[PDB]
Each structure stands twice: as structure tokens, then as C-alpha cells.
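K.L.:
got the complex split up, this is the first portion:
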Amino acid sequence: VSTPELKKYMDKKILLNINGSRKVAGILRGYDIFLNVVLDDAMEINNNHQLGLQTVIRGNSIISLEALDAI
Amino acid sequence: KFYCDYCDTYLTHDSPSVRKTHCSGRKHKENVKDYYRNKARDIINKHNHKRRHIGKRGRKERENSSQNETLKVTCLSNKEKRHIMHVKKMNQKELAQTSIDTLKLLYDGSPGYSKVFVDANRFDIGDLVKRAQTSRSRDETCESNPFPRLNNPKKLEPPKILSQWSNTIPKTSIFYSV
Amino acid sequence: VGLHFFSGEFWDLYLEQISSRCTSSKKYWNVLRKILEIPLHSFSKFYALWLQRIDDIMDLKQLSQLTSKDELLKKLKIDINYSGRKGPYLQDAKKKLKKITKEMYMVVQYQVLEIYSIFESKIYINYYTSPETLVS
Amino acid sequence: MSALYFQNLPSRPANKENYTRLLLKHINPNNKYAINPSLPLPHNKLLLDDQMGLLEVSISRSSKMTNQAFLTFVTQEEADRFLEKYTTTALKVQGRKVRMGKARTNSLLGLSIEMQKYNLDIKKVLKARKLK
Amino acid sequence: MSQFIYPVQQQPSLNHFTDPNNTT
């Protein structure tokens, strides 16, 4: 329908809180109309253990997607 | 089909930037400014007062208030009250828009001036300023103007006083300043 | 830091915060009354606020915001509970209050103008520069 | 059993039960009955409406006596001590001072209590027809 | 028309008491 306005967050480090407790930081690579996001070089902030080279996050469990860069 | 309610122009159905283009132009940027000026102007101009419930005064309450005196009512003509209302509204607007910035002029030569008062190189709201004035750069050092008093600055502006009470001022100053 | 000569900005912040948050509107009077007596650099702005805010009063009972009922009845000879015709009486109360404010303004203007004429007009530097600086 | 007579009472309350509850609240602050609403008042046809001897009220919507209302008590001595409760300081319900005086004749309920403490009953109901 | 005006005053005619530079 309407693609979310994330064309300015491309290839910039962001930190988004999975569900209500987890917080994942990575480099955004793409997104879908459901607000699914694929972010590379993830790191589960808590010491903090990396996730993998390429992860996808279902847009249902995303709450906020604040960006840790110039934007 | 969605139209702007300020411009009143009927816009072919859009949802993307087409609505971010219309709302970011000038016929929808200042024509939405004139609208809310008028609506806020009204709520300033409103003079309707609360409903008045008048109770029948009793004898004990009437006799004392009738004893004292009658009080004269001051009244103006139509043109005079027109002029007075215009003056009062203008004075209210002028005072409401007034902002005091003496502290900004006082610290004009501070060692860390360009990083705080310039308001474009600040760290909190500088991210907004960072197609469209001799701006003060952040790279200024205190070596520039080692001695501020070398005729560079000017005297502090004298304090303002109310004009309607301008005859209240003392006639002569204590000392003779040239 | 309230009694600073250049303390207009702090009092402006305090007044805007009170006017934005408080809803009873008695603290505004209780703070502007104190501001009226401090010899600030910009006492004129606060006196104009006081004059306009006293000029927009609309009924006898709101004069109790200013001072106490006994004080109004005894010093200014103004009766808040005066029932009858209240238009001219409220105008009389406004005139008396404006005269009192004019006398307050006379005192404060004398103080501020004396200070500025004698001392504050000669001072050019108000900031700490460096240990290597020389002051005149 | 003697009924008291009350003047200068408000006529706004409209409803009889609401008026009784409001007057009872003003008579007895923190009362067991007035403070808790939705309580059915004890209708003593021939049980205390309120403690300290308050038995029943008797109001009328007739335009002849609007503000007037009557309080009927359980015992005369209780009624007399109610006068000492007034002690000539003007009792106030809502905003208007009320004047209080003993009624010229006790209420029908008080008459019933006096009669039990049945010819008087039949005579009273027979008197109702002739005056109507 | 603005309600705030700069104050103006008359000079005290420069005798020996009102001179700010007087040192004797």
C-alpha cells in the first residue's frame, strides 16, 4: 500500500528494541511494507553477543527504530 | 479525492510526496499561517462575559449602599474610544512580542561565546541548522581581541521607561556627563 | 540570583513557566508583586505587564487576588463586597490601584536610574576571560 | 408522638423521597441513612427514619403551603429535647434560615401511637370524607 | 506608538560638586 518513510535511514546504524526488552543495533539494509527490516552486522545490546552476518526482523515485534547517526 | 481545506484547491488523489509537495510549497505554507493567525486573533478579541444572574436586593443590603454616595462614570466618545482601543491592542501586541536579550549582548566577547549564544553551533538544536550573513564560526579562539576595551564595544543601552509616565523621571541628573 | 541587575531573563522564564503550568492564577500575582519592587534593568516590562493585567480585571471579587480584603478596605477605602452599581466603583478601584502602582514605579525608577547613571554605565566587561588579561 | 411544624424550607427538592433524604442529611450529619443513597426509607404505615427520635416527615405539594413541612416524632420528651437542640440558634437547611415552632395538632401517625398507648381510627377516616 | 522610551535628563551645569572628574 504505502511504503514506510525509511529511505533516509539506509546504510546507517540504528538501534531498535525488539519486543519490550531486547534491543538490537545494526546497519539497516532494506525494508518491506509490513516494516520488516533486514539489518546486517547485528549486536544484541545488553558482554553483548553478535547475532550474525544477515538477520531479518519481523515488523510485528518492532516498537521504535531510533537511529544512532547523523541522519 | 482529497483537497486542502486551506488552499481550497481540489487535488487529484495522492498519498505519497504529492501531499508532501503541496504542504511544503508557499500557497499552502503561508495560507495556513494566515488561517491560524485569524483564529487565534479571535480568541484574543473575544469579549463575551458570563451570564448575569441578578438577585432581588433586600432592604438591609440596599439602605447601606444607598446611604454612601453616587459615583460618576467616566465616558468617552466614539472616535476617542476607537483610538484608545487601537492603541491598547497595539501596546499589548508590542509588549507580548518583546523578548529580553541583555545577557546575549553582555557576553559578546566571552571565551566560549560562539559555542553557546550563536544558536547555530549549539549541541542540542544545532542539528536543524547543520536553496536558502557573516556567521560566527566555532573555530574562534580567545587570542582574537586580546583586549576588548580598545574602542570595539559600545555602552550598555539605557533602561527603558513607560512613556505614559515619562514626566515621573527626575528633572536633572546628579553628575554632569558629557 | 534573583536580585541581579540584569536578571530580567530569569524572571521572564519564571513568569512564563507559572503562566503555562499554574491554573489557579494566584502564584502569578504573588510573584509579579515581588518582581515589581526589585530594581532590575528591565523593570519597565514587568510594570507594563502589571498595568495591563490590572486593566483587564472585570469584577470586584478578583481584586482579592491583589491584596487582602481587610487591607483593601482599610488602606485604599475599597469594599470588595460592595453591592449595587459596580461599574463606576470598579473603575474607582482601578484608578486607586494605578496610582499606587505609579508611586511604586516612581521609587523603582529613581533607584534604577541612579544605579545605571552612576555605576552600571561605566562597566564594559562582565565575563571571565583568562589569567593573562588586563582590566582597565 | 407530637408533630413539629417547620417553615422557610426549600421547595426545590421536588421528589418526596429526595426531599426527605436531603432534610434528614441537614438535620443529622454523618447519618446512617442519609449518607448512603439508594436506601428505601422506612415507611411506617399504621421503625425510626433517623436516630434521636426522628420518626417520619409529612410534606405537601399543594400551592397553599409550599415551604412548610412537618416532622413527627416518637415521644413528646424527645420532641422537647429537639427544641433544646435548636437552642434558638437558627438551624439552616441549604442556605435559608428556618424557623421552628410546635404544631397546633399532632400528626395522624402520632395520634395512632397515642391511641395504642379502634374508634379513634374510624372517626379520623370518616372525618376525611366530610372535609374533602 | 510605543510605550517604552529612552530616558532623557537635564545636565546640572558643571559646578565643583557635580563634576565627576573632580579630585581636589
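P.N.:
Okay, I see it. Residues are numbered from 1 along each chain as shown, chains lettered A, B, ... in the order given.

K.L.:
Can you name the residues that contact the nearest residue to residue A:1 once chain neighbours are set aside?
P.N.:
Taking C-beta to C-beta, 6 or more residues apart in numbering or on different chains, and ignoring the residues beside it in sequence, residue A:1 has residue A:33 as its nearest neighbour in space, at 6.3 Å. C-beta coordinates here come from the backbone N, C-alpha and C atoms, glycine included. Going by C-beta atoms under 8 Å, 6 or more residues apart in numbering or on different chains, residue A:33 touches A:1, A:2, A:3, A:4.

K.L.:
Surely residue A:33 is in a strand?
P.N.:
No. Membership of residue A:33 in a strand is not supported by DSSP: H, G, I helix; E, B strand; the rest coil, which gives coil.

K.L.:
Chain B: strands as residue ranges?
P.N.:
Applying DSSP state E to chain B gives strands spanning B:2-3, B:10-11, B:161-162.

K.L.:
give me the residue from chain B nearest chain E.
P.N.:
residue B:160 (3.9 Å; C-beta to the nearest C-beta).

K.L.:
whoops, chain A was the one
P.N.:
Chain E sits closest to residue A:71 of chain A, with a gap of 43.8 Å, by C-beta to the nearest C-beta.

K.L.:
Identify the residues contacting the most centrally placed residue in chain B.
P.N.:
In chain B, the centroid-proximal residue (C-alpha atoms, centre = their mean) is residue B:97; its distance is 1.0 Å. Contact analysis of residue B:97 by C-beta under 8 Å, 6+ apart lists nothing.

K.L.:
And for residue A:3?
P.N.:
Residue A:3 makes contacts with A:31, A:33, as judged by C-beta under 8 Å, 6+ apart.

K.L.:
Ramachandran angles for it?
P.N.:
Main-chain torsions, residue A:3, degrees, to the nearest 10: phi -70, psi 130.

K.L.:
Next one: it from residue A:65, what distance?
P.N.:
15 Å (C-beta to C-beta, to the nearest Å).

K.L.:
Show me which residues of the lengthiest helix in chain B are buried.
P.N.:
Longest helix in chain B by number of residues (criterion: DSSP state H): helix B:78-96. Buried residues in helix B:78-96, counted by 16 or more other C-beta atoms under 10 Å in any protein chain shown: B:91, B:95.

K.L.:
throw chain F onto that model:
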Amino acid sequence: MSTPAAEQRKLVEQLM
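P.N.:
Next up, chain F placed on what we already have:
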């Protein structure tokens, strides 16, 4: 075109 599921179909079907 209704819920985004149809649009995602008209992407996944081409992807396969």
C-alpha cells in the same frame, strides 16, 4: 489493492 498481503503475493510469486 486490499491488504498488503496481495502486494506481497505479487512480489513473492515473481520471486519464486
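
K.L.:
again for the contacts of residue A:33, chain F present now?
P.N.:
A:1, A:2, A:3, A:4, F:4, F:7, F:8.

K.L.:
One more pass at 7 Å, please.
P.N.:
Residue A:33 makes contacts with A:1, A:3, F:4, F:7, as judged by C-beta atoms under 7 Å, 6 or more residues apart in numbering or on different chains.

K.L.:
Helices of chain F, start to end?
P.N.:
Under DSSP H, chain F gives helices at F:4-15.

K.L.:
what's around residue 11, how many residues?
P.N.:
Let's take chain A. A count of nearby residues for residue A:11, using other C-beta atoms under 10 Å in any protein chain shown, gives 9.

K.L.:
Wait, chain F was what I had in mind.
P.N.:
Residues near residue F:11, counting by other C-beta under 10 Å: 12.

K.L.:
Doesn't residue A:15 belong to a strand?
P.N.:
Yes. According to three-state DSSP, the state of residue A:15 is that of a strand.

K.L.:
Show me what residue of chain A gets nearest to chain B.
P.N.:
Closest point on chain A to chain B, by C-beta to the nearest C-beta, is residue A:2, at 6.0 Å.

K.L.:
close to chain B, is stretch A:63-71?
P.N.:
No. Shown here: stretch A:63-71 not in contact with chain B (C-beta under 7 Å from any C-beta of the partner chain), separated by at least 8.2 Å.

K.L.:
buried stuff in that stretch?
P.N.:
Here stretch A:63-71 shows residue A:65 as buried, counting by 16+ other C-beta under 10 Å.

K.L.:
What lies in contact with that stretch?
P.N.:
Residues contacting stretch A:63-71 (C-beta under 7 Å, 6+ apart): A:8, A:9, A:12, A:13, A:14, A:15, A:16, A:17.

K.L.:
Show me what residue A:14 is bridged to.
P.N.:
residue A:26, residue A:67 (DSSP bridges).

K.L.:
How many neighbouring residues does it have?
P.N.:
By other C-beta under 10 Å, 20 other residues sit near residue A:14.

K.L.:
Contact partners for it?
P.N.:
Counting by C-beta under 7 Å, 6+ apart, residue A:14 has contacts A:28, A:65, A:66, A:67, A:68.

K.L.:
picking that back up, show me how to select, in ChimeraX, the buried members of the contacts of residue A:33.
P.N.:
For the buried members of these, the matching ChimeraX selection, counting by 16+ other C-beta under 10 Å, is:
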select /F:7
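
K.L.:
Drop chain G onto that structure:
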Amino acid sequence: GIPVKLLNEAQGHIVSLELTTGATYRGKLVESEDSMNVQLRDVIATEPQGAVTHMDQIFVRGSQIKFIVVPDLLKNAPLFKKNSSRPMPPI
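P.N.:
Below is chain G, added to the chains above:
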């Protein structure tokens, strides 16, 4: 819908919105979409237990928003009036 259009009209002004997790956010509203996705700028966040921090931007999914507090002046918006006149749209 009217509320979505009101949130659209509320662009460029400081709004405060509380999520379903308990957090609170306030700041300039850059962009909003028809599905209640909002982008706040210079936001001052209050995590549920009371701590307050600051970030440059944020993009919160609209499915988590509880309510959004816009400036009070928007009560006089032209799209809140019921009887409206239309310019007779062309062919």
C-alpha cells in the same frame, strides 16, 4: 477518517505520544503516514521506570501507539467543521 487527517495537520509542531510499553516521547513531528507511523525529532524519551534520555530521531510503529497529544490550537482546524463547502470538483 478524521483523527488521521488531524495527526497529518499536526506536522511540524511538538507532540507528545505514549506507547503501549509504558514509555513516553515528545518532540517535533517530522512526518506521519496514514497508518499512524510517526517520526519524532529531538525526542525526549521516558522509559517506563522513569529514566529520561534524548535521541536525535525515532520511528515508532503505529500499532504500538496508545495516544498522541497535539497542540491545543488545532481544535480550530478547518477539517473539524461539519458543514463544509466544496468547489464542485471538475470532470
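
K.L.:
can you check the contacts of stretch A:63-71 again with chain G included?
P.N.:
A:8-9, A:12-17, G:19, G:21, G:55-61, G:64.

K.L.:
From those, which land in strands?
P.N.:
Under the assignment DSSP E, the contacts of stretch A:63-71 contribute A:13, A:14, A:15, A:16, G:19, G:55, G:56, G:57, G:58, G:59, G:60 to strands.

K.L.:
can I get those in JSON lines with distance to residue A:43?
P.N.:
Below are those laid out as JSON lines (distance: C-beta to C-beta, whole Å):
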{"residue": "A:13", "distance to residue A:43": "10"}
{"residue": "A:14", "distance to residue A:43": "12"}
{"residue": "A:15", "distance to residue A:43": "9"}
{"residue": "A:16", "distance to residue A:43": "12"}
{"residue": "G:19", "distance to residue A:43": "23"}
{"residue": "G:55", "distance to residue A:43": "18"}
{"residue": "G:56", "distance to residue A:43": "20"}
{"residue": "G:57", "distance to residue A:43": "20"}
{"residue": "G:58", "distance to residue A:43": "19"}
{"residue": "G:59", "distance to residue A:43": "20"}
{"residue": "G:60", "distance to residue A:43": "22"}
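
K.L.:
Greatest separation within those residues: which pair is it?
P.N.:
The distance between the two most remote of the ones in strands among the contacts of stretch A:63-71 (C-beta to C-beta) is 22.3 Å, for A:13 and G:19.

K.L.:
who has more neighbours, those two?
P.N.:
Applying other C-beta under 10 Å to residue A:13 and residue G:19 shows that residue G:19 carries more neighbours, namely 19 against 15.

K.L.:
quick one: contacts for that one?
P.N.:
A:63, G:60, G:64, G:65, G:66.

K.L.:
Let me know how buried the residue of chain G found nearest chain F is, in neighbour terms.
P.N.:
Nearest residue of chain G to chain F: residue G:35, at 10.1 Å (C-beta to the nearest C-beta). When neighbours are counted by other C-beta under 10 Å, residue G:35 registers 14.

K.L.:
From what I see, it and residue G:62 are in contact.
P.N.:
Yes. Using C-beta atoms under 7 Å, residue G:35 is in contact with residue G:62, at 5.2 Å.

K.L.:
hmm, back to that, so the residue nearest to the centre of chain B versus chain A, what's the distance?
P.N.:
Applying C-beta to the nearest C-beta, to the nearest Å, the value for residue B:97 to chain A is 34 Å.
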